[PDB]
Amino acid sequence: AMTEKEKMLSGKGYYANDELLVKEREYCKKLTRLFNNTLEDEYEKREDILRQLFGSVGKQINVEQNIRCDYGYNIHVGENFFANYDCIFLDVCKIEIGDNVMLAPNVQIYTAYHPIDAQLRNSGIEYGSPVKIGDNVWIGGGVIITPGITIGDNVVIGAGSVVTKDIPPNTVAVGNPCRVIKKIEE
Amino acid sequence: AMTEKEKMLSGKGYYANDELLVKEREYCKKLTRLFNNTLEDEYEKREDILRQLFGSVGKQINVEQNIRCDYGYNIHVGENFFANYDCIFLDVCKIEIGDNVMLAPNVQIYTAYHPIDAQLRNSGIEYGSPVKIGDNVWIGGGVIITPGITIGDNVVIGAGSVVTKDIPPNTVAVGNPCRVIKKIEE
Amino acid sequence: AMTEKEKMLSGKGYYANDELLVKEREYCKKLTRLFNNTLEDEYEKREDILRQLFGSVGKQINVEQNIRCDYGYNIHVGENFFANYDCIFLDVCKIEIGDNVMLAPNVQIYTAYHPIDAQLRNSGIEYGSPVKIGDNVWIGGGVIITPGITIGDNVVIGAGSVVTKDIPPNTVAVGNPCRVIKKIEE
Ligand SMILES: CC(=O)SCCNC(=O)CCNC(=O)[C@H](O)C(C)(C)COP(=O)(O)OP(=O)(O)OC[C@H]1O[C@@H](n2cnc3c(N)ncnc32)[C@H](O)[C@@H]1OP(=O)(O)O
Ligand SMILES: CC(=O)SCCNC(=O)CCNC(=O)[C@H](O)C(C)(C)COP(=O)(O)OP(=O)(O)OC[C@H]1O[C@@H](n2cnc3c(N)ncnc32)[C@H](O)[C@@H]1OP(=O)(O)O
Ligand SMILES: CC(=O)SCCNC(=O)CCNC(=O)[C@H](O)C(C)(C)COP(=O)(O)OP(=O)(O)OC[C@H]1O[C@@H](n2cnc3c(N)ncnc32)[C@H](O)[C@@H]1OP(=O)(O)O
């Protein structure tokens, strides 16, 4: 039989109040707190914390302060990653981010979700679906990414967009819901 | 004659810089600060603070850190309430929330508003309209609730939604503006 | 030849990792940190910090806590300015705000942007376009303002709006994208 952590990672229904998960979420908030309390000139310190927090980190990385995570280890990031002010990463499942990806302020990537049915939801069962972002992607400010979304290479997501469906590579996409408005040279 | 606090609660025009209201807003920020400075394993402490902050609290409650309120006492919450990261409650008027309601990160419930006319607005007069959320409601990430909105039981509001009109029970509602897209079994 | 700071202010392409700009961004975060760590009854202190932070400040000003800026000096604000909880000012270029303007919580004003082309973007080059807000303007909660936007006098921007095009004076504007829905008496 699977553990609650295993059900979680596999996109199945799990109980978040599982002791192991609660204490993993505690460990995450400790590093998060340490990260957000650092001083503006403590780049070395922040970088170390990110390497303990995230599942995988490239050579260079810059995440502006007040970062929000659930577990940290489900966050996998490529080279030269940039995340601006107040980004939220609900990494119940894998948030896999490619190379040269930069996040504007207030970008929210949610992998978690709840049952539509109230009785199921009120029971405490919960789900996750991994999010994928390709190489060379600029994500605008206040963009929301929903569970199970894949974003291709060479994509520019306009500010305030709500990504509900997959966005193909080599496109510009804006809106609520988020749709392609332009193609671009590869 | 009514006091400014009374005008506020009754949905009438009031001056926010009223001495009583300013010092009530100060008291609110003190508890808010205490709440947001707690350590990740201080559940007992956070729970106590919420019972001093909110108008009414159920048996169990979990609000993730960095909460934003104006007064606190206008916030009335039911059983098993959950509020994720960085929720904002502008409780100029009553924010009444039912049982088994869970808020995703960055949910913003605003009850306050200003006069459309500039001269009225520049005079400092201000208004409020209470917000109502029924039992068994899942509110998505980055959802904004406008003043005077009532949300029925069994409602799922999709992420990034902007609730401008009332949402009937037993529905799924998304978008900007927020509209019903599905009905659901009761 | 122009410096990187000069290219920035002039709307041209610049490298943000320029030593002068990095240390100006450090100075900004120091004041920001001091501002956000103040206690709820330290109005005098916050006001002083804002006068060191912002390019220009009127007689009276109230900015609620957790403010986010990049440089500060590009932010020019008029009389009786109000900014509520968690506003973000990406002032790569000039953010010029008129008199009697009030910002609701979570208002995000972005002047910065990146090249559409990935190779240009991955090179580290970056741009800015100034944002202008007229006198007597109420900006709703969670409103996003994109680079190069001018907002006229007597304008009410509804909550959750995403301003992508210029908004004429004497109008009410909502939506994603943000459009005029009403005219109003001057
Ligand atoms: C340092 C850092 O981390 S970056 C900091 C900045 N943060 C940000 O969020 C900035 C993001 N920049 C944007 O969102 C811009 O709007 C861009 C890049 C998407 C603009 O791309 P463009 O395709 O050139 O927009 P353009 O002005 O040419 O017109 C696009 C059309 O779609 C609309 N549109 C553009 N952006 C958006 C948007 N974000 N949301 C909704 N609609 C939009 C326009 O209104 C226009 O409509 P229309 O022509 O049918 O009338
Ligand atoms: C631990 C916690 O606190 S929870 C943390 C997570 N935070 C979140 O915000 C997650 C919320 N989940 C969502 O918003 C999901 O999108 C859900 C639950 C609304 C999806 O519901 P569904 O009805 O099953 O969406 P579905 O994929 O079937 O299709 C719905 C249609 O409306 C659209 N749609 C779905 N969600 C949204 C949305 N949030 N905004 C705009 N449009 C949407 C879809 O594009 C689709 O359009 P179409 O069929 O006309 O082409
Ligand atoms: C203390 C402080 O700092 S303020 C704190 C509060 N923060 C806020 O964000 C509150 C802002 N208030 C709002 O956004 C309000 O919705 C207002 C002021 C824009 C309402 O203005 P009104 O024109 O009177 O809205 P009204 O109810 O009359 O109807 C407007 C129409 O546009 C729609 N609409 C109204 N507001 C919005 C919105 N924010 N987004 C999208 N659509 C909207 C309505 O659905 C309605 O549609 P319809 O008539 O075609 O069916």
# chains A, B, ... in the order shown; residues from 1 in each chain; ligands from 1
>>> interface_residues(of="chain A", to="chain B", cutoff="7 Å", atoms="only C-alpha atoms", output="number ranges by chain")
A: 26, 29-30, 116, 118, 122, 144, 162, 176
>>> write_last_selection(atoms="N, CA and C atoms", output="mmCIF file, in the first residue's frame")
data_model
loop_
_atom_site.group_PDB
_atom_site.id
_atom_site.type_symbol
_atom_site.label_atom_id
_atom_site.label_comp_id
_atom_site.auth_asym_id
_atom_site.auth_seq_id
_atom_site.Cartn_x
_atom_site.Cartn_y
_atom_site.Cartn_z
ATOM 1 N N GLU A 26 6.683 21.754 7.731
ATOM 2 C CA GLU A 26 7.321 22.539 8.780
ATOM 3 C C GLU A 26 8.768 22.847 8.425
ATOM 4 N N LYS A 29 8.858 25.597 5.827
ATOM 5 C CA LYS A 29 8.599 26.932 6.351
ATOM 6 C C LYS A 29 9.782 27.481 7.147
ATOM 7 N N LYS A 30 10.597 26.592 7.701
ATOM 8 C CA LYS A 30 11.785 27.031 8.421
ATOM 9 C C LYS A 30 12.808 27.646 7.466
ATOM 10 N N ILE A 116 -14.274 18.356 -6.406
ATOM 11 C CA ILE A 116 -15.432 19.189 -6.692
ATOM 12 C C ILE A 116 -16.551 18.885 -5.696
ATOM 13 N N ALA A 118 -18.415 18.149 -2.340
ATOM 14 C CA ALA A 118 -18.195 18.706 -1.008
ATOM 15 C C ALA A 118 -17.863 17.646 0.042
ATOM 16 N N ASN A 122 -14.741 17.775 2.143
ATOM 17 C CA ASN A 122 -14.848 17.937 3.590
ATOM 18 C C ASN A 122 -14.223 16.783 4.367
ATOM 19 N N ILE A 144 -1.210 33.461 -12.965
ATOM 20 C CA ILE A 144 -1.576 32.272 -12.213
ATOM 21 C C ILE A 144 -1.512 31.044 -13.102
ATOM 22 N N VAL A 162 -4.285 33.956 -16.597
ATOM 23 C CA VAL A 162 -4.666 32.783 -15.823
ATOM 24 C C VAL A 162 -4.566 31.558 -16.716
ATOM 25 N N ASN A 176 -7.572 36.060 -19.392
ATOM 26 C CA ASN A 176 -8.258 35.203 -18.435
ATOM 27 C C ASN A 176 -9.554 34.685 -19.056
#
>>> select_by_dssp(residues="segment 11-150 of chain C", states="helix (DSSP H, G or I)", output="PyMOL selection string")
chain C and resi 19-36+43-53+118-122
>>> closest_atom_pairs(of="chain C", to="ligand 1", cutoff="9 Å", atoms="only C-alpha atoms and all ligand atoms", output="tab-separated table")
residue	atom	partner	partner_atom_place_in_ligand_line	distance
C:16	CA	ligand 1	1 (C)	8.7
C:90	CA	ligand 1	5 (C)	7.0
C:92	CA	ligand 1	1 (C)	8.7
C:108	CA	ligand 1	7 (N)	8.9
C:109	CA	ligand 1	7 (N)	8.4
C:110	CA	ligand 1	6 (C)	5.1
C:111	CA	ligand 1	6 (C)	6.4
C:112	CA	ligand 1	6 (C)	4.6
C:113	CA	ligand 1	6 (C)	4.8
C:114	CA	ligand 1	4 (S)	6.3
C:115	CA	ligand 1	18 (C)	8.0
C:116	CA	ligand 1	18 (C)	7.0
C:126	CA	ligand 1	1 (C)	7.8
C:127	CA	ligand 1	1 (C)	8.9
C:128	CA	ligand 1	6 (C)	8.8
C:144	CA	ligand 1	9 (O)	8.1
C:145	CA	ligand 1	9 (O)	8.4
C:146	CA	ligand 1	10 (C)	5.9
C:147	CA	ligand 1	10 (C)	6.7
C:162	CA	ligand 1	40 (N)	6.1
C:163	CA	ligand 1	40 (N)	7.6
C:164	CA	ligand 1	45 (O)	5.2
C:165	CA	ligand 1	45 (O)	6.0
C:176	CA	ligand 1	41 (C)	5.6
C:177	CA	ligand 1	41 (C)	4.5
C:178	CA	ligand 1	41 (C)	7.9
>>> atom_distance(atom1="atom 19 (C, counted along the ligand's line) of ligand 2", atom2="atom CA of residue 28 of chain A")
27.1 Å
>>> closest_residue(among="B:52, B:66, B:36, B:84", to="ligand 2", atoms="only C-alpha atoms and all ligand atoms")
B:84
>>> residues_around(residues="residue 132 of chain B", least_positions_apart="6", cutoff="7 Å", atoms="only C-alpha atoms", output="PyMOL selection string")
chain B and resi 95-97+149-151
>>> residues_around(residues="residue 93 of chain B", least_positions_apart="5", cutoff="10 Å", atoms="only C-alpha atoms", output="VMD selection string")
chain B and resid 8 to 11 70 to 75 110 to 112 127 to 131 147 to 148
>>> residues_around(residues="residue 89 of chain B", least_positions_apart="2", cutoff="6 Å", atoms="only C-alpha atoms", output="PyMOL selection string")
chain B and resi 68-69+91+109
>>> residues_around(residues="residue 98 of chain C", least_positions_apart="6", cutoff="7 Å", atoms="only C-alpha atoms", output="list in words")
residues 77, 78, 133, 134 and 135 of chain C
>>> closest_residue(among="B:35, B:63, B:56, B:15", to="ligand 3", atoms="only C-alpha atoms and all ligand atoms")
B:15
>>> atom_distance(atom1="atom 19 (C, counted along the ligand's line) of ligand 3", atom2="atom CA of residue 81 of chain C")
20.0 Å
>>> select_by_dssp(residues="segment 40-169 of chain A", states="strand (DSSP E or B)", output="ChimeraX atom specification")
/A:56,61-63,68-69,75-77,81-83,88-90,95-97,102-103,108-110,112-113,125-128,131-133,137-139,144-145,150-151,155-157,162-163,167
>>> atom_distance(atom1="atom CA of residue 17 of chain B", atom2="atom CA of residue 46 of chain C")
17.3 Å
>>> closest_residue(among="C:120, C:180, C:103, C:21", to="ligand 3", atoms="only C-alpha atoms and all ligand atoms")
C:103
>>> residues_around(residues="residue 3 of chain A", least_positions_apart="2", cutoff="10 Å", atoms="only C-alpha atoms", output="VMD selection string")
chain A and resid 1 5 to 8 14 to 15 18 20
>>> closest_residue(among="B:51, B:12, B:179, B:94", to="ligand 2", atoms="only C-alpha atoms and all ligand atoms")
B:179
>>> closest_residue(among="A:42, A:47, A:117, A:24", to="ligand 2", atoms="only C-alpha atoms and all ligand atoms")
A:117
